[PDB]
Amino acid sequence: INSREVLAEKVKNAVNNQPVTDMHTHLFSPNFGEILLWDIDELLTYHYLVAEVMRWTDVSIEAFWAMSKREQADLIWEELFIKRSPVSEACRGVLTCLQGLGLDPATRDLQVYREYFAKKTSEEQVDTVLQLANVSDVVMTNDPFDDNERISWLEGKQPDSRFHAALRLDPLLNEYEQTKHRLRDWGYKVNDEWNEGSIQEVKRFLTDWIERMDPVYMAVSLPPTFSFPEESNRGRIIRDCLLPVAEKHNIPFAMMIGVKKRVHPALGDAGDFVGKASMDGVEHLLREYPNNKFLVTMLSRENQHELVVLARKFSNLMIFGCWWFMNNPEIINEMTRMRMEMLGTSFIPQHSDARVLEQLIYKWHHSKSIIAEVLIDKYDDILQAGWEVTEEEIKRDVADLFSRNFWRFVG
């Protein structure tokens, strides 16, 4: 390669053809049941769009939740696509999905699009989507406190080889005072106070599930006020239970910091907000637990640059994705550029956070084009400096970014 033009095609092709390992989604293996969502109506009722439609429609939130799935979908399509152009990232995403499946957004024929999905099955749509989105591996969010999901694990169900488990623990860490009673009901003899017994039982709880799911990592989403150390249930659990168990099983600990839950409870999953967090807690964890691995992603735009700098300090920290409110072109671009400039290729640029199966298509299509453009710029800079990049080196670097860095980290 010795031309930006030539470089551009080589990079775009390597990126496009590179099978993706999506290390954080809200999808489930087909055999887990209806817990796996898919089709155009599910795409249109994605909570991102529920929030956006409420800024326009005169239909009360109560009434909205009272409508059927199809009715909610019809309202959103009309309000966000017909009455106004679907220029938002979330709306754009729905279109990218339709087009990717072979459907044509030009006609705006929602009924015809729907007819497409009605024909196929879950296992069938999964194969097609994973093919079209070029995703080889999907990491789920497995929460044992969720009855709809725990039932499948207790039944001995196993996800197919393309889906990996990740032990989600928000209820345990953030709501211990209520959750402790559920552990007791499950036979985990935790006591009123934090003593040897409570510690051991919570650890047994973690180990039992690690044994059941064989998770690639344990995870938790945290508030902007997250601090560590801390004399709170969360602080003690992390210190006395999670970290020791994680080290023993060499399992990474994923922290998604910055979410302020339910600032608008009526909106349900669309009612969460964001706040800038202190880096002190993460800094402490990284330094004081050198034998533990940490995967981190933050919600606030204002935490992104310093998070990158922290990654420069600690190799036991792997930063990943452009999470939630960060998953917009303007932010993805600035984040990926800051990350590559200070970390080279030693990071995971993105995850889809897909809640609806088809999203894998747009999530990866929208991000890959931006990442490819960033790569082209960086490769070109060193080419201009006289360096010679081979297509094989490109495919290698791209492989690390979209798949290898993750598996290498989880080990």
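The numbering used is simple: start at 1 and walk along the sequence shown.
A.B. asks: Out of 290 to 298 and 150 to 158, which stretch has the higher average CA B-factor listed in the record?
C.D. replies: Per the PDB entry, the higher value belongs to 150 to 158.
A.B. asks: I need to verify one thing: averaged over C-alpha atoms only, is the B-factor higher for 91 to 99 or for 336 to 344?
C.D. replies: Result of the comparison: 91 to 99.
A.B. asks: Go through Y113, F314, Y217, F325 one by one and give the residue whose Cα B-factor in the PDB entry is largest.
C.D. replies: By C-alpha B-factor in the record, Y113 ranks first.
A.B. asks: Per the entry, which of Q304, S278, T121, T141 tops the list for Cα B factor?
C.D. replies: Comparing C-alpha B-factors across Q304, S278, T121, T141, the maximum falls on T121.
A.B. asks: Place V263 in the lowest, middle or highest third of its chain's C-alpha B-factors, as listed in the PDB entry.
C.D. replies: Lowest third.
A.B. asks: Would you mind ranking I210 by its C-alpha B-factor against the rest of the chain and naming the third, lowest, middle or highest?
C.D. replies: Ranked within chain, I210 CA B lands in the highest tercile.
A.B. asks: Please place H351 in the lowest, middle or highest third of its chain according to the CA B-factor in the PDB entry.
C.D. replies: Tercile = lowest for this residue's CA B-factor.
A.B. asks: Grab the CA temperature factor for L222 from the record and place it in the lowest, middle or highest third of its chain.
C.D. replies: For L222, the deposited C-alpha B-factor lands in the lowest third.
A.B. asks: Consider only the C-alpha atoms of the modelled residues in this chain, order them by B-factor as the entry records it, and name the third containing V126: lowest, middle or highest.
C.D. replies: For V126, whose C-alpha B-factor we compare with every modelled residue in the chain, the answer is the highest third.
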